[PDB]
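One structure is given here, and the rest of the page talks about it.
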Amino acid sequence: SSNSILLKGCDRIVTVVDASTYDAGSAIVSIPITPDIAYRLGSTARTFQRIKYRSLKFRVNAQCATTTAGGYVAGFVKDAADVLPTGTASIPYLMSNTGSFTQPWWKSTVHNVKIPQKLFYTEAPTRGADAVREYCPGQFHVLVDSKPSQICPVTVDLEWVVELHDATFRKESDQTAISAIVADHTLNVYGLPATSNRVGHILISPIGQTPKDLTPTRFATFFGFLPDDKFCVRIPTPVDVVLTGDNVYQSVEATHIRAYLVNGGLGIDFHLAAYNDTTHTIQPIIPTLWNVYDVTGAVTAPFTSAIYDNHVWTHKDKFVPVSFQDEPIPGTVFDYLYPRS
Amino acid sequence: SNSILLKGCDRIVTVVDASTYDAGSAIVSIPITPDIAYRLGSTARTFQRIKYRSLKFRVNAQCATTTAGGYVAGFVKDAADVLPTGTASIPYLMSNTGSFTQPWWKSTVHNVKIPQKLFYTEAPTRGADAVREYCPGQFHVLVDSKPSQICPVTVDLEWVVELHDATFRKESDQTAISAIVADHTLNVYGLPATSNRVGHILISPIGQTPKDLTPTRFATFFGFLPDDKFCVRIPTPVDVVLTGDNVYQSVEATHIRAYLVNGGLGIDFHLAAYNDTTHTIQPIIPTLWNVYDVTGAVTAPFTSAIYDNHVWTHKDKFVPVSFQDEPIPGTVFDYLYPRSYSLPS
Amino acid sequence: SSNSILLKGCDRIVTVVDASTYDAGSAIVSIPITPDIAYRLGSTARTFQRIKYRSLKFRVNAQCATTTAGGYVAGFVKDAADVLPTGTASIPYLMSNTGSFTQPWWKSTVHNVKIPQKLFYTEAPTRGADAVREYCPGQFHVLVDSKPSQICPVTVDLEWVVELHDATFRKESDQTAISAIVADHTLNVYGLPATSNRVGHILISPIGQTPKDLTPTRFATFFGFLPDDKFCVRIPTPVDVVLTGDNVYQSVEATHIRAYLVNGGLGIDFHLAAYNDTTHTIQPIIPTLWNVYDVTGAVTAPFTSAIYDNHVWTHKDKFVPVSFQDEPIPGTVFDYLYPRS
Amino acid sequence: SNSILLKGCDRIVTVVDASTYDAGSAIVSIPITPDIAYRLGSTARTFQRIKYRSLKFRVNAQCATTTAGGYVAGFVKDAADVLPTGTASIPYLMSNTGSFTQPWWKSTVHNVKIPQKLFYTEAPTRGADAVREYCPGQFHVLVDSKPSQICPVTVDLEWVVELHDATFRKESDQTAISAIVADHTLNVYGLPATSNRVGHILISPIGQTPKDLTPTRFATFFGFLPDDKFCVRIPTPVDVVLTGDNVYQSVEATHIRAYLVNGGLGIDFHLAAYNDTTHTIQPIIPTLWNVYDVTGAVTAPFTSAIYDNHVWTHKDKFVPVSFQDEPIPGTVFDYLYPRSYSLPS
Amino acid sequence: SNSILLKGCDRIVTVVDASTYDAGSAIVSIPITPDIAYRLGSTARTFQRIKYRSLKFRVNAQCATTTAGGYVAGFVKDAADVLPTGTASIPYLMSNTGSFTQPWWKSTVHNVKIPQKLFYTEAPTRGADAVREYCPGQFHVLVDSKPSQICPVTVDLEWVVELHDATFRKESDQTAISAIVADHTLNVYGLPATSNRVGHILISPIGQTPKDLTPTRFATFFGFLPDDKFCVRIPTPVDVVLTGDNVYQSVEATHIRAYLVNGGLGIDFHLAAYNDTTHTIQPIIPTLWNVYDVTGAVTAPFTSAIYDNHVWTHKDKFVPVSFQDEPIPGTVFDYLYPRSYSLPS
Ligand SMILES: [Ca+2]
Ligand SMILES: [Ca+2]
Ligand SMILES: [Ca+2]
Ligand SMILES: [Ca+2]
Ligand SMILES: [Ca+2]
C-alpha cells in the first residue's frame, strides 16, 4: 500500500523561438495542461493515477527588446475541449476568460489560476475514446495581439501545486505532435511535372517565392531541430500516390514523411512514405524500390513510374514523430536525437 | 515546506531461478539508492536529499518443501563496505546485525533499521565519489547451498521515505555496459604490421584463436545486436601511431566505434577517437584521418598506422556515447539497443 | 579558547565581461558556493573550520542595454556534486530547482536561498578525496536562455548571513582554475607541418578563420587579463610531444603552457611545456633547449627535431595557474600580477 | 547488542627525540581513527560507526629539567586540514582552540572535546577516500624551540567511545609506501641507448652519480629489505618503446619489480607492466617481452627498447602489489618487508 | 574497564554435506575457544580470561523433508576428551548430558550450560598446551543414519560472555598443517643408491609407484599450492649420512623444503636441515652442503649421501616455518598458501 501526497514546484512549460512572423490572432502558445508538460511534475505524476490541481501560476516572459512594437494576450481557458476562434477575433474571447491580461511584448504577465474541487486523471486514456476533459483542466494560450516588429521569443513558466492519488506506475511519455517554428514558410510536395527529378520530395517554399530542397539546415529553421537518417513523422492527412508500369497498377496511401539517404549514404532527403507490408517498415514510395506481394506470396518490384498528388503543409499542421514501425517514440529518446536549436 | 513523505512498495529484483546459481554467489547484492524502485525512483529524482524512515525487504521463494538448501540475507551498514567475493560471503554477511538464514521454501520479510541520516538521492556527478553520502548500505541475499530443484526467487521492497530540496534529473546521465559471457574476450592486435585485420576489434574465446567481430557474436558477447552507429567510450585509451611522408602523429584511441564496409552490407568495429577536423568520433584509418596544419587547412597525409595490442574482459565496462561523444542515457539506450529485461540494474 | 559567531554581509560573487557570444544553453555563470568566493566572507571564514549557511541572497544584474534582445535563467542547485545537462536542455532543469527565475537580459533577478540545519567545512579537504558536498551547499547558475543581441555583461552579488564555528587559522586561498572569457575563440597547437617556425606554439583561432599568433592583446581578449613573462598554467589533459635527433629518442608529456621570451628578451610567446628534471622548472619543450640526464648523471641537450600532437582548447577548458615549480600561486599574488580587463 | 560503551588506554605514539627536529616541525601529527590504538582498533573493527565521548592525550615529555625550550600542542578539528611546513605552524596551531605551550620537561594530559557526531570506523573500501567521514581531526605536537639535549616524547590516549551498528570488516587492508629518507632520489634512464642499466632503477644521491641497488642501498631509501618477490605500482606510468625486426609497440611501465639477475643469486629492479600473454607483471625487456598477434600466437620479436627518463622522490607514493597487481594485506606486508617498529605507522 | 559483557551471533561452522559422511562420523567436532567466532575472537584478544555465560548452538539442518535419517548432537564437557572413531560414537555421545536425536530436515537451537569458571582466552604461548585451561569443551554433531540425498548442515552460535583482565595479545599465531586427503602418502627413499630422486620427497598413492610433485599433486595432498619459498618442519627427523673423499658426517633431516630445480623454472622438494655455515635451512645435497672444520674454513667435500627411507601420512603434523625455522603467522600463511575457505580452520 501507498499514500497520497501534496506537491509544489515549477518547470518550464513552453519555450518559443521568436514567433514574431506570426500575424495577429495566431496562437504562438496554446498548451493543454497535463502533467506530461512539466518535467518535474510529470515525473512524480507518473507514479499516481489521479491528480487535482489546486493552484496553477503562469509566468509569461517575452525576451523581446524594448524596441519591439506590438503586444500579446495571455490567459487560461477552463475547458480542455474549448478551442479558440479563427485568428482575428480570438483576442476578445480569450480576454473574456478571467485571469487574462493584455501586454506589450517587452512586458511580462502573471496568471494565478485555481481549479480546486475537480479530480483529474494523469494520462490520456490509452483504451477508449480521448475524452480530453477527463485529464485536462484547461489550456493556456498566448495570442499575438499585434505582430511584433523584431526578434520576439516567448517563454511560459508554471508554478504549480497539486494533490496526487491512487498510486500506480506508468510508462514513459510518448513524444507529442510537432509543428513548425515559423509561420512564413510551408512544406510542399509537387508531383505535377512527372519528368522532374525531385517530384515525390518534400520541399520548403517561402510563402512568397519558388520552393527549395530540404537542406537539414532549412529543416532546422522550419522545425526547430536537426534531422537524422531515421526521422519519420506521421502525416496529418494521407497523400494519394499511384504506382505503375507494364500492365501493373496500384494506388498507395502516403501516410508519412520519411528521411532517406540521398546519394551513396552521405546525404539525406525527405520523401512521401508508407508502411511497406514486404519489409514491415515505413519506406519512401519510390517506384523502383517499392516491393509488393503477389497472389503466390512472392515479393516483386514491378513499378517504374509514379504520380504524386500535390500537397501543402503549414505551421498549423501537426506531425507525429514515429519509428519506422509507426510506433510513437518515447519523449526522452526524441529529446536525445533532436536537441532543440 | 517543499519536502514530502512518500510511502510505496516496489519490485527490487525480478523472478530468477536460484537453482542455476552456485553456492557462495549472490542472487542479490544491491546498494540502496532511490533509483532501484520505480515509484520511489521516479519521485525521488525530483528531490535532492532523502531519509529512509522504513525499509522492509520481502524475499519470496515460490517452491515446495522438497527443495533442499537455504539462503542468507541481511543488510550491511555502510555503502563503502564490500562483502568478500567468495563463498565467505556467508559467514561475513551472517555476522552483521540483521541476518536471516532460511530454507528455500520459506519466504521472509526483513525490516532494516536505517540510520536516520539525510542522504543525497544521486551519486556525485562532480568531484570525488564519496559513496557514503548517498547510500545507506547494501542489501544481500546469498546462496548458502544451491536449491535442489527449480526455486524461483523475487524481492519486493516496502519503503517509506522523506524527500527534501526540490530538483530534477533524468533516468541516468549515461550507461555502463559490460559483457554477458565470461569465457571470451575482445581484442585489438596490431602486431603483424601488414595484416588487414589490425586495429579492428575481434572476439577471442580465451583458449581459441581470435576471429572477426560480427553482429551475431556481438549479440552473444554484449546481449544485444549492434548497428551502424554503435559507439562506445573504452575505459583505457589505446596508443596508435600514424605516419606518412615527413609526417608523424600519436593518437589515443579513446573509443571503439562501428563503421560500415563493402558498400554497407556488413559492419565492422575499429579503434576510434574524436577527430578535431570533423567534430566526430572516427575509426582512425590512416588514409581517412584528417588533421589541421598550422595554416588552418585540412590534410590527410597519413598512409601507415600502428595499433597497440589491447584486451578486454567481462570485467571491462564500456559506455555508449553517440558520435560527437555525447554519452547516451539509460532509457534511450535500452530503447535503441535492447537486451532481456531484468530489473536489478 | 575562542568563540563562534554570526556574520552578515555582502560581496561581489562574480563579474562577467559580456558573454553574449555564448549560445543558448551555455552557462555564463556557475560558481559553487564556498567562503573562498567572497572577499569579506572568505577573510573571516578563514578563521573558522566549520560554517553553516542560514541565508544566501543572490542579485543578478545584467548591464545589457534595453535594446538587447534575448534573456537568461538564474537559480540555485542545492547540491555541490550535481552538474547541469548539456547546453540546450539545461534551462528546464535549472527552472525545476525552486527559487529559479527566467528574465530578459535587461531585467534583474533576486534569489533568496535557505540552507539551515546543515554544517559545512570552510575549505576543500587538503588531504584525502575531494568530497565536494562536505564544504559546498550548492552552486549558483546563470544560463543563457536566448543569446543576447548586443554587449551584455553580467554580475552576481551575494548578500550572505552565516554561522561560523571551531576556530582555526588557514593559509591564503590558492588561485582557482581559469577559463576563457569568450565562446567564439579557441586556443590551438598544431604540430603538423614540421618545417614550420611556430609549430609548438599556442595560437588563437577564431572558430571561423585561420589561426593567429598570441599577441598579449589577444591573450587578454581571450583570458580577460594581460600575460607576464612568468605566466604558467596547468593543462587540462597532457599533450604528447616527441623529441629526437641522432639515435636519441624521448617522448615528453606536455603538461603546461609556459610563457617564454621571444627574441632577445623584448617580446613574449606561449609554448607547450613540461617539468624539466634538469632545471627543476617547467620549461618550454624546445628540442635544442631541453636538457636530460643520462645514466652517468650528466646533463646533455642532444635533441634537434621535435613533433607535437595537435590539440584544441575551448572556452569550456579549465587551466590551473601555477608557478614554474608547479605550485598553485596564492590568489592575492595572482590578482596582483593579472589585474582584470 | 548492536551498541557498546568501551573504555581503555593505549599508546598513540612511541618515543621521538625532539632534539633532532627543526623548529616548527611536528613530532606528533596524528589523525584520530580507531585503528590508531591497539585495543580500540581491534574492537572497533567489529562495528561500523563510532562516537568519541572523551579523548585525553597524555603527552609524556621527559626532557631534563634543565634543557630549555618548549612545545606547542593542540588538536585541529578538521581531518583533511594540513599544517604549514614551516615555523608558521606554531602561530597557526596556537590560533586553534585548546592549544597551549609547555616546556619540554613538563608532561601534560590534554583533554579534547570531540563533536558528538558518529564517524565511520574505517577508511572507505569502496568509493573515494573522504577522510572527513571517519576522522574527527588531527592531534599535533610542534617543536616551539629546538631542545638543547636529548628530548624523548611519547603520547598515550585515555579513550572512551560508543561503538554502533555491528558488522565485521575482513579487513582487506592495503598499504602504500614512500621513501624514508629524502636526501636522495631513485630514477630511471633511457640514455645512452647503448648502456646496460637502461630502464633499470638506480639511486641517485644529492651526489650526482647514479648507482645500482646493493640492495642494502634500497634498504636505506625505503626502510626495509628487498626480496625477489618485490613488486610496486608506480604513481605515474613511464612510456617504453619496444622495437624489433619491422615491429613496434608502446608500453606503459606501470610497475617497478624486482627480478633475478645472472643466475638467481642476484637481484635488481626494472620497469615493468602486466603482460597480457603471461598474465603477470614482467620486466619490460625486449627479448623477454611476449605479445600476441592477429593469429593468436605468442611472439618475442622485440630486440631493443627506449625508456623515458623518470625520477622518484620521498613525495612519491608507491603501493606494493603481488604479481598481477593484487594488493598486499597490511599484516602480510609488514611481515615480508619489516620496517623498524614505530608508532604510528 | 578491566571487565566487559559482550553479546553476539556469528557462524561457528560453514556448510557440510552429511550425505557423504560414513555413519557415526562427526560433521561437526568443534572445541569452544573465543577465536572460533569472528566478532568474539577479535575482542577476546584484548582480554585474558573469559566466562561463557550462555552458548546456544543453532544447528541449521536443511535436508529435504523427505530424506530419511537423523543426527545426534551434543556437547562433551571435557576439552581434551576425544570421541571414538566408529559407530560407537553415537551411543557414547547420547550418554553425555543434553544429547539428542533429530531428523536431518529439523534444525534445532541447543542451549549449552557452561560451568561458571573463567577460562583463559588463548592457547598458551609459553609452556605446554594444556587445552583444559582455555576450552570448556567440544560441541559435536554425528551422523546417526547416513542421509539418502544431499544434506547441508551449518551451525551458528548465540554467545554472551564476560571478558576480564585486559591485556593485548600480539598475537604471534603459528599454524600446523597435515594432509587433506588420506587415500595416499608421501615418502622419501634411500635405495637404490644410484637413483636421481633419492632423498627427494615423492607421493605414493595406494597405487604403489611413487611420483614427483607436479606440484598440482602437492596441491591435492595438502590442499594448497607450493612456492619456492615453502619450508616445513618434520615431526620425526630423518638420518642422512654424508660422505666424500675421506670425510663422513651424520645429519638430522629436520625439514622438508622446496627448492629451485634445473634453472629456477622448476620446483621440487627435498630433505633439509639448518646449515650452521649458511645460517639457513638448505637441502641436504652432498656437493651443496657446506661445513666448518677445526681451522674455521668452510668446505663442501661431500660427494654422496645415504638417506633413510621414511613415509608420511595424513596423521603427521607438519609445521610451516620460514628458512631458519622461524614460525609463520596464521594470517601470513593463509595468504601465501591459501586453502579452500572453510570454517572451522
Ligand atoms: Ca492513468
Ligand atoms: Ca542530486
Ligand atoms: Ca578547514
Ligand atoms: Ca565499515
Ligand atoms: Ca592471554
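In the C-alpha cells, chains take letters A, B, ... by order of appearance, with residues numbered from 1 within each chain and ligands from 1 in the order shown.
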
Please return, as a PDB file with C-alpha atoms, in the first residue's frame, all residues of chain B lying within 8 Å of chain C when only C-alpha atoms are considered.
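This went into selection_31.pdb:
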ATOM      1  CA  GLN B  48      17.939  16.345  -3.778  1.00  0.00           C
ATOM      2  CA  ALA B 123      25.705   9.872  -6.978  1.00  0.00           C
ATOM      3  CA  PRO B 124      28.070  12.817  -7.326  1.00  0.00           C
ATOM      4  CA  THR B 125      28.456  13.977 -10.914  1.00  0.00           C
ATOM      5  CA  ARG B 126      31.309  16.325  -9.977  1.00  0.00           C
ATOM      6  CA  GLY B 127      34.212  15.997  -7.547  1.00  0.00           C
ATOM      7  CA  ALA B 128      35.026  12.770  -5.746  1.00  0.00           C
ATOM      8  CA  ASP B 129      32.846   9.676  -5.286  1.00  0.00           C
ATOM      9  CA  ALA B 130      32.256   9.791  -1.514  1.00  0.00           C
ATOM     10  CA  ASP B 165      15.338  20.108  -1.506  1.00  0.00           C
ATOM     11  CA  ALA B 166      13.457  20.096  -4.836  1.00  0.00           C
ATOM     12  CA  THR B 167      15.435  19.484  -8.078  1.00  0.00           C
ATOM     13  CA  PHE B 168      15.053  17.449 -11.311  1.00  0.00           C
ATOM     14  CA  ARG B 169      17.083  14.739 -13.100  1.00  0.00           C
ATOM     15  CA  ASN B 246      57.574  13.960 -43.456  1.00  0.00           C
ATOM     16  CA  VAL B 247      54.614  13.302 -41.167  1.00  0.00           C
ATOM     17  CA  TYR B 248      54.029  11.559 -37.826  1.00  0.00           C
ATOM     18  CA  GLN B 249      51.316  11.780 -35.169  1.00  0.00           C
ATOM     19  CA  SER B 250      50.376   9.946 -31.976  1.00  0.00           C
ATOM     20  CA  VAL B 251      46.613   9.424 -31.479  1.00  0.00           C
ATOM     21  CA  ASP B 276      39.160  17.647 -34.343  1.00  0.00           C
ATOM     22  CA  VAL B 291      44.273  16.911 -39.469  1.00  0.00           C
ATOM     23  CA  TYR B 292      44.754  20.674 -39.479  1.00  0.00           C
ATOM     24  CA  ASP B 293      48.160  22.098 -40.307  1.00  0.00           C
ATOM     25  CA  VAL B 294      49.284  25.409 -38.743  1.00  0.00           C
ATOM     26  CA  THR B 295      47.656  27.339 -41.611  1.00  0.00           C
ATOM     27  CA  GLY B 296      44.168  26.033 -40.744  1.00  0.00           C
TER      28      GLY B 296
END

- Task: Give as a VMD selection string every residue of chain D that touches chain E within 8 Å, counting only C-alpha atoms.
- Result: chain D and resid 1 6 to 8 38 to 39 42 to 43 46 168 263 to 264 331 to 332 335

- Task: Kindly provide, as a list in words, all nucleotide and amino acid residues lying within 6 Å of ligand 4, counting only C-alpha atoms and all ligand atoms.
- Result: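 Taking only C-alpha atoms and all ligand atoms into account, the residues around ligand 4 at most 6 Å away are residues 81 of chain B; 48, 121 and 122 of chain D.
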
Generate the output file for the selected residues, N, CA, C and O atoms, as an mmCIF file, in the first residue's frame.
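File out.cif, as written:
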data_model
loop_
_atom_site.group_PDB
_atom_site.id
_atom_site.type_symbol
_atom_site.label_atom_id
_atom_site.label_comp_id
_atom_site.auth_asym_id
_atom_site.auth_seq_id
_atom_site.Cartn_x
_atom_site.Cartn_y
_atom_site.Cartn_z
ATOM 1 N N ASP B 81 31.568 -0.526 2.550
ATOM 2 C CA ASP B 81 31.979 -1.920 2.810
ATOM 3 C C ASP B 81 31.617 -2.866 1.659
ATOM 4 O O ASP B 81 30.595 -2.704 0.993
ATOM 5 N N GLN D 48 30.591 -0.443 12.926
ATOM 6 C CA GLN D 48 30.588 0.387 11.724
ATOM 7 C C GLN D 48 30.727 1.865 12.026
ATOM 8 O O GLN D 48 31.524 2.547 11.387
ATOM 9 N N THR D 121 34.017 3.870 11.233
ATOM 10 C CA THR D 121 35.135 3.311 11.984
ATOM 11 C C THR D 121 36.342 2.977 11.112
ATOM 12 O O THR D 121 37.403 2.657 11.635
ATOM 13 N N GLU D 122 36.188 3.040 9.792
ATOM 14 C CA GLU D 122 37.208 2.520 8.882
ATOM 15 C C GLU D 122 37.298 3.345 7.606
ATOM 16 O O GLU D 122 36.310 3.936 7.174
#

- Query: Could you list, as an NGL selection string, every residue of chain C that has an atom within 12 Å of an atom of chain A, counting only C-alpha atoms?
  - Reply: :C and (23-25 or 64-73 or 85-107 or 144-150)

- Using only C-alpha atoms and all ligand atoms, find each protein or nucleic acid residue lying at most 6 Å from ligand 1; present the set as a list in words. residues 49, 121, 122 and 123 of chain A

Expected file: the selected residues, C-alpha atoms, as a compact mmCIF listing (two decimals), in the first residue's frame:
# COMPACT_ATOMS: atom_id res chain seq x y z
CA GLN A 49 -3.38 7.74 -11.26
CA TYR A 121 -6.60 11.53 -14.31
CA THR A 122 -2.90 11.94 -15.02
CA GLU A 123 -2.78 10.37 -18.51

Report as a JSON list (two decimals) with N, CA, C and O atoms, in the first residue's frame: the residues of stretch 73-183 of chain B with a DSSP assignment of strand (DSSP E), based on the backbone of this structure.
[["chain", "number", "residue", "atom", "x", "y", "z"],
["B", 73, "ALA", "N", 20.32, -13.78, 3.96],
["B", 73, "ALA", "CA", 20.10, -12.37, 3.69],
["B", 73, "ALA", "C", 20.61, -11.51, 4.84],
["B", 73, "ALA", "O", 21.01, -12.01, 5.90],
["B", 74, "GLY", "N", 20.60, -10.20, 4.61],
["B", 74, "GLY", "CA", 20.97, -9.23, 5.62],
["B", 74, "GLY", "C", 21.29, -7.89, 4.99],
["B", 74, "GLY", "O", 21.36, -7.78, 3.76],
["B", 75, "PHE", "N", 21.46, -6.88, 5.84],
["B", 75, "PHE", "CA", 21.82, -5.55, 5.36],
["B", 75, "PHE", "C", 23.15, -5.11, 5.97],
["B", 75, "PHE", "O", 23.31, -5.09, 7.19],
["B", 99, "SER", "N", 20.59, -10.47, 10.18],
["B", 99, "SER", "CA", 20.94, -11.64, 9.36],
["B", 99, "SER", "C", 19.98, -12.81, 9.53],
["B", 99, "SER", "O", 19.78, -13.31, 10.64],
["B", 100, "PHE", "N", 19.41, -13.23, 8.40],
["B", 100, "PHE", "CA", 18.43, -14.31, 8.35],
["B", 100, "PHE", "C", 18.99, -15.44, 7.50],
["B", 100, "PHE", "O", 19.62, -15.18, 6.47],
["B", 101, "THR", "N", 18.76, -16.68, 7.93],
["B", 101, "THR", "CA", 19.01, -17.86, 7.10],
["B", 101, "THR", "C", 17.81, -18.78, 7.14],
["B", 101, "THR", "O", 17.42, -19.25, 8.19],
["B", 102, "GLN", "N", 17.25, -19.04, 5.97],
["B", 102, "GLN", "CA", 16.06, -19.86, 5.86],
["B", 102, "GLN", "C", 16.24, -20.91, 4.79],
["B", 102, "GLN", "O", 17.11, -20.77, 3.93],
["B", 103, "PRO", "N", 15.43, -21.97, 4.84],
["B", 103, "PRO", "CA", 15.34, -22.87, 3.70],
["B", 103, "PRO", "C", 14.73, -22.15, 2.51],
["B", 103, "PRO", "O", 14.00, -21.18, 2.70],
["B", 108, "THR", "N", 10.35, -14.82, 3.51],
["B", 108, "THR", "CA", 10.51, -13.93, 4.66],
["B", 108, "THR", "C", 10.38, -12.45, 4.33],
["B", 108, "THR", "O", 10.44, -12.04, 3.16],
["B", 109, "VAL", "N", 10.19, -11.66, 5.39],
["B", 109, "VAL", "CA", 10.25, -10.20, 5.33],
["B", 109, "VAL", "C", 11.36, -9.76, 6.29],
["B", 109, "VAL", "O", 11.50, -10.32, 7.37],
["B", 110, "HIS", "N", 12.15, -8.77, 5.88],
["B", 110, "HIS", "CA", 13.29, -8.32, 6.68],
["B", 110, "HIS", "C", 13.30, -6.80, 6.86],
["B", 110, "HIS", "O", 13.69, -6.07, 5.94],
["B", 111, "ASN", "N", 12.89, -6.34, 8.04],
["B", 111, "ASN", "CA", 12.91, -4.91, 8.37],
["B", 111, "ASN", "C", 14.31, -4.48, 8.77],
["B", 111, "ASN", "O", 14.98, -5.15, 9.55],
["B", 119, "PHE", "N", 20.55, 11.48, 3.21],
["B", 119, "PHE", "CA", 21.44, 11.12, 2.12],
["B", 119, "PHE", "C", 21.07, 11.96, 0.92],
["B", 119, "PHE", "O", 19.95, 12.44, 0.82],
["B", 120, "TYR", "N", 22.02, 12.15, 0.02],
["B", 120, "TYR", "CA", 21.69, 12.65, -1.31],
["B", 120, "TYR", "C", 21.02, 11.50, -2.07],
["B", 120, "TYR", "O", 21.22, 10.33, -1.73],
["B", 138, "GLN", "N", 24.25, -1.79, 1.47],
["B", 138, "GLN", "CA", 23.72, -2.77, 0.51],
["B", 138, "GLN", "C", 22.89, -3.84, 1.19],
["B", 138, "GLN", "O", 23.14, -4.21, 2.33],
["B", 139, "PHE", "N", 21.90, -4.32, 0.45],
["B", 139, "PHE", "CA", 21.11, -5.48, 0.84],
["B", 139, "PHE", "C", 21.64, -6.67, 0.05],
["B", 139, "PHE", "O", 21.90, -6.56, -1.14],
["B", 140, "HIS", "N", 21.78, -7.81, 0.73],
["B", 140, "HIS", "CA", 22.31, -9.02, 0.12],
["B", 140, "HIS", "C", 21.39, -10.21, 0.37],
["B", 140, "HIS", "O", 20.83, -10.33, 1.46],
["B", 141, "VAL", "N", 21.25, -11.06, -0.64],
["B", 141, "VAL", "CA", 20.67, -12.40, -0.47],
["B", 141, "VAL", "C", 21.61, -13.37, -1.16],
["B", 141, "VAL", "O", 21.73, -13.34, -2.38],
["B", 142, "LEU", "N", 22.28, -14.21, -0.38],
["B", 142, "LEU", "CA", 23.28, -15.14, -0.90],
["B", 142, "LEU", "C", 22.73, -16.55, -0.99],
["B", 142, "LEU", "O", 21.71, -16.88, -0.38],
["B", 143, "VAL", "N", 23.43, -17.38, -1.76],
["B", 143, "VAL", "CA", 23.08, -18.79, -1.90],
["B", 143, "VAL", "C", 23.99, -19.60, -0.98],
["B", 143, "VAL", "O", 25.11, -19.95, -1.35],
["B", 152, "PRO", "N", 12.23, -20.40, -7.92],
["B", 152, "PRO", "CA", 12.25, -19.01, -8.38],
["B", 152, "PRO", "C", 12.14, -17.99, -7.24],
["B", 152, "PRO", "O", 11.30, -18.14, -6.36],
["B", 153, "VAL", "N", 12.97, -16.95, -7.28],
["B", 153, "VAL", "CA", 13.07, -16.02, -6.17],
["B", 153, "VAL", "C", 12.85, -14.57, -6.60],
["B", 153, "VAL", "O", 13.38, -14.13, -7.62],
["B", 154, "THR", "N", 12.10, -13.83, -5.78],
["B", 154, "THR", "CA", 11.79, -12.42, -6.03],
["B", 154, "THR", "C", 12.04, -11.56, -4.79],
["B", 154, "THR", "O", 11.99, -12.06, -3.66],
["B", 155, "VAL", "N", 12.29, -10.27, -5.00],
["B", 155, "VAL", "CA", 12.50, -9.33, -3.89],
["B", 155, "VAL", "C", 11.67, -8.06, -4.11],
["B", 155, "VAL", "O", 11.90, -7.32, -5.07],
["B", 156, "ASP", "N", 10.71, -7.84, -3.22],
["B", 156, "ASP", "CA", 9.94, -6.60, -3.17],
["B", 156, "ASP", "C", 10.45, -5.74, -2.01],
["B", 156, "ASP", "O", 11.05, -6.27, -1.08],
["B", 157, "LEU", "N", 10.20, -4.44, -2.05],
["B", 157, "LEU", "CA", 10.65, -3.52, -1.01],
["B", 157, "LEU", "C", 9.54, -2.59, -0.53],
["B", 157, "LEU", "O", 9.12, -1.70, -1.27],
["B", 158, "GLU", "N", 9.06, -2.80, 0.70],
["B", 158, "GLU", "CA", 8.13, -1.88, 1.33],
["B", 158, "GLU", "C", 8.94, -0.71, 1.89],
["B", 158, "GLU", "O", 9.66, -0.88, 2.88],
["B", 159, "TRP", "N", 8.81, 0.45, 1.26],
["B", 159, "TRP", "CA", 9.63, 1.62, 1.61],
["B", 159, "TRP", "C", 8.79, 2.80, 2.08],
["B", 159, "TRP", "O", 7.64, 2.96, 1.67],
["B", 160, "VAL", "N", 9.38, 3.60, 2.95],
["B", 160, "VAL", "CA", 8.80, 4.86, 3.41],
["B", 160, "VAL", "C", 9.94, 5.84, 3.62],
["B", 160, "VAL", "O", 10.85, 5.57, 4.39],
["B", 161, "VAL", "N", 9.88, 6.98, 2.94],
["B", 161, "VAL", "CA", 10.99, 7.92, 2.95],
["B", 161, "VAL", "C", 10.53, 9.35, 3.12],
["B", 161, "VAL", "O", 9.35, 9.66, 2.96],
["B", 162, "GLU", "N", 11.48, 10.21, 3.45],
["B", 162, "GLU", "CA", 11.27, 11.65, 3.43],
["B", 162, "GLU", "C", 12.15, 12.21, 2.32],
["B", 162, "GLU", "O", 13.28, 11.79, 2.16],
["B", 163, "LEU", "N", 11.61, 13.17, 1.57],
["B", 163, "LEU", "CA", 12.33, 13.76, 0.46],
["B", 163, "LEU", "C", 12.41, 15.27, 0.65],
["B", 163, "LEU", "O", 11.42, 15.88, 1.05],
["B", 164, "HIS", "N", 13.57, 15.86, 0.37],
["B", 164, "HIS", "CA", 13.80, 17.29, 0.59],
["B", 164, "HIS", "C", 14.53, 17.97, -0.57],
["B", 164, "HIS", "O", 15.06, 17.28, -1.45]]

- Query: Quick one: residues within 9 Å of stretch 201-211 of chain E, only C-alpha atoms counted, chain neighbours fewer than 6 positions away excluded, as a ChimeraX atom specification?
  - Reply: /E:183-189,217-218,221,256,268-271

Just the selected residues (N, CA and C atoms), exported as a short mmCIF file (atom, residue, chain, number, x, y, z; two decimals), in the first residue's frame, please.
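Heads up, here's the output in selection.cif:
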data_model
loop_
_atom_site.label_atom_id
_atom_site.label_comp_id
_atom_site.auth_asym_id
_atom_site.auth_seq_id
_atom_site.Cartn_x
_atom_site.Cartn_y
_atom_site.Cartn_z
N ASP E 183 43.89 -40.93 1.14
CA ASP E 183 43.98 -42.04 0.19
C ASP E 183 45.40 -42.25 -0.35
N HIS E 184 46.34 -41.37 0.02
CA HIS E 184 47.76 -41.66 -0.20
C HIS E 184 48.76 -40.83 0.60
N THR E 185 49.98 -41.37 0.68
CA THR E 185 51.07 -40.84 1.50
C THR E 185 52.17 -40.29 0.62
N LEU E 186 53.02 -39.46 1.21
CA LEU E 186 54.26 -39.06 0.56
C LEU E 186 55.45 -39.54 1.37
N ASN E 187 56.54 -39.84 0.67
CA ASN E 187 57.68 -40.53 1.28
C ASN E 187 59.02 -40.23 0.62
N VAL E 188 60.08 -40.59 1.34
CA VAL E 188 61.45 -40.48 0.86
C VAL E 188 61.94 -41.88 0.56
N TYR E 189 62.99 -41.97 -0.25
CA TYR E 189 63.67 -43.24 -0.49
C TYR E 189 65.17 -43.05 -0.51
N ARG E 217 50.10 -32.06 -7.78
CA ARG E 217 49.97 -33.27 -6.96
C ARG E 217 50.08 -32.88 -5.49
N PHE E 218 51.08 -32.07 -5.18
CA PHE E 218 51.23 -31.47 -3.85
C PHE E 218 49.92 -30.81 -3.45
N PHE E 221 47.36 -33.17 -2.06
CA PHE E 221 47.78 -33.80 -0.80
C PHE E 221 47.66 -32.86 0.41
N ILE E 256 61.39 -30.51 5.48
CA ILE E 256 61.16 -30.65 4.05
C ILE E 256 61.08 -29.24 3.50
N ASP E 268 61.10 -28.55 -6.85
CA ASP E 268 60.99 -29.91 -6.31
C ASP E 268 61.13 -29.79 -4.79
N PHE E 269 61.04 -30.91 -4.09
CA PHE E 269 61.12 -30.92 -2.64
C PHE E 269 62.14 -31.93 -2.18
N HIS E 270 62.85 -31.58 -1.12
CA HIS E 270 63.96 -32.37 -0.63
C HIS E 270 64.04 -32.33 0.90
N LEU E 271 64.68 -33.34 1.47
CA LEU E 271 65.01 -33.33 2.89
C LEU E 271 65.99 -32.18 3.15
#
